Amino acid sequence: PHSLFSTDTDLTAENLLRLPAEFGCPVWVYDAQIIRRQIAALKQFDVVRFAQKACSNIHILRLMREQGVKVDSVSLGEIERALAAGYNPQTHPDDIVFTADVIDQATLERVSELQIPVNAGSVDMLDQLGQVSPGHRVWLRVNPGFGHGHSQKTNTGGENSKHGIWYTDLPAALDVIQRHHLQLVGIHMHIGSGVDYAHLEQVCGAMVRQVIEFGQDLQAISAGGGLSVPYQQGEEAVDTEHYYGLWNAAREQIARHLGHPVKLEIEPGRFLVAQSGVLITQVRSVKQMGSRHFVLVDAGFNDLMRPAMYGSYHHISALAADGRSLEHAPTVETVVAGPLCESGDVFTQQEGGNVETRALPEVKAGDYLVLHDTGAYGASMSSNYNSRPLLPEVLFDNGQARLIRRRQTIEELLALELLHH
């Protein structure tokens, strides 16, 4: 991640310390220019379609749209978010694509009404759509028979994945397409390769194979998402030119087979927004538990789910309350944990739950911690566990911080239950 004393971005030490006083704490902060930088790295692609489930604030969606980035919505709620951000299906039919493995009644009505292209990930879903919206423009999400990672575990592909039409179910999908006169716009895969370029090549190769074998005309293909970001010091960052080389080559083979140009979409979620965001949280309690040195803050896993749920790594920095530099202060092996009355609420833990320590300056109550690289799957995954309200979100742009989401209140949550007082 970025050092707080780099000062190329707006995510610096003086900048971060003042934010909690102005906007409240804990608080999510994003740097608009870092997002613009990630968008520019994918300029070779015809279409960059942001996977909004990674970070859905409508002001961040508006920023995407301003940069010519389109959007993928995976729920009816995400469709409404896109519309609130100025995406318009009537003037621009491909600006929003609705993508999922299932579709419910309200969504069917909404995508029929607005003629939002649907990327169906089950033949059943394709049939349900077709019956109520004959001739709808569709994409097919294909499961090519393999995913990424352990073959036994939940996956984005392969037989232990709920995602997409199994490749040998394609003929059955074509029957559904023909029955309802569906218009095939494109074929999509979302598997994710990180910086495993050999794995990426297998995805590209399966796309070429499957599209050519399916034998239908289409206007576009999508590489899906899954570009990784280096959460830990020294890890390798994605080479977008390399991604483009491999996916362009697959697109070109398909286009050659079809006899006309085929548009190439890429659908990043994490890559665009992860590094742009931080989470600022105050230290509230510091104590020794046996041989462990614990530092408890006011943000918990209901806020940032990753570490507690998956053992994910987020870099952690410390900010002294009075602003003195802790740059070169001595470090102590620290266990960082939250305020929830819940055993799993520990930020420094490995996959599977083992507690671990992080080398941090010796902070006191009143000091702040910064969790780095929380722009993706941070606020987007938040819950209200322990009756804790969604946090405020702040957007930095050229040194200026502005509120883009206010703190939810307990009253707003209670209004759901107070049905006539």
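Sequential numbering from 1, following the sequence displayed.
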So which stretch wins on mean C-alpha B-factor, 168-176 or 325-333? 325-333
May I ask you to compare 145-153 and 269-277 by their mean CA B factor in the entry and name the higher one? 145-153
Looking only at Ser343, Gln233, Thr348, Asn302, the Cα with the top B-factor belongs to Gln233
Consider only the C-alpha atoms of the modelled residues in this chain, order them by B-factor as the entry records it, and name the third containing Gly68: lowest, middle or highest. middle
Among modelled residues of the same chain, the CA temperature factor third for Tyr377: lowest
Pull the Cα B-factor of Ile39 out of the PDB entry and bin it into the chain's lowest, middle or highest third. middle
Please place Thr357 in the lowest, middle or highest third of its chain by C-alpha B factor as given in the entry. middle
Looking at the entry's B-factor column for C-alpha atoms only, identify whether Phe396 ranks in the lowest, middle or highest third of its chain. highest
